[PDB]
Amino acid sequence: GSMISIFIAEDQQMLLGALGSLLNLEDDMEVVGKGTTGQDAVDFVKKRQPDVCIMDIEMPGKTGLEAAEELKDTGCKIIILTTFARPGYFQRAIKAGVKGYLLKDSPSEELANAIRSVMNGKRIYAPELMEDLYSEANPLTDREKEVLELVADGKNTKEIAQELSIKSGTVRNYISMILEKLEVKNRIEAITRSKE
């Protein structure tokens, strides 16, 4: 009734179960359902309409971000809880209108407080995302700077994989991180320099 009804979507069964127990122990909270894929979240949320959905990003079948996009206007308050502090993930979560974006490297004893704040109409982001992403500095790592150096010289995916002694899919994965990091840094710059 007055309790905050929660659904948890998490593919790692150990964390899913431990989060469910932790949250259920709260007097004002009830874990009404648990799932391991984004489809489990879409199905539950559409059928049962819980107040809150604690959502992992990387899950099989359908991600937490695709699930957040499908549930954009349901009235369910989506709190992303992920290992990944990637700009593309955070940007995609903001566009889906998530109420919260939390990192798995934050105290467990604070999660219930984030749920209460989101129920109070607040938008809760891990300060670390802000501390790392909201910057005009170079976001690229030393490894990413080595990949891009070769790309800028005019070398193809096969040539970069040979020069760095790594797999062809790894070069493509590194390029995806670079494009994402620079696309967010470029959008941040563009918006803040146009507001002047």
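Residue positions are given as counts along the sequence shown, with the first one as 1.
Just going by the entry, 138 to 146 versus 57 to 65 on mean CA temperature factor gives the higher value to 138 to 146. When 164 to 172 is weighed against 38 to 46, 164 to 172 comes out higher, by mean CA B-factor as recorded in the entry. Annotation for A18, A9, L25, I178: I178 ranks highest, by Cα B-factor. Placement of the Cα temperature factor of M130 within the chain: middle third of the modelled residues, per the deposited record. Among the modelled residues of its chain, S194 has a C-alpha B-factor that falls in the highest third, as given in the PDB entry.
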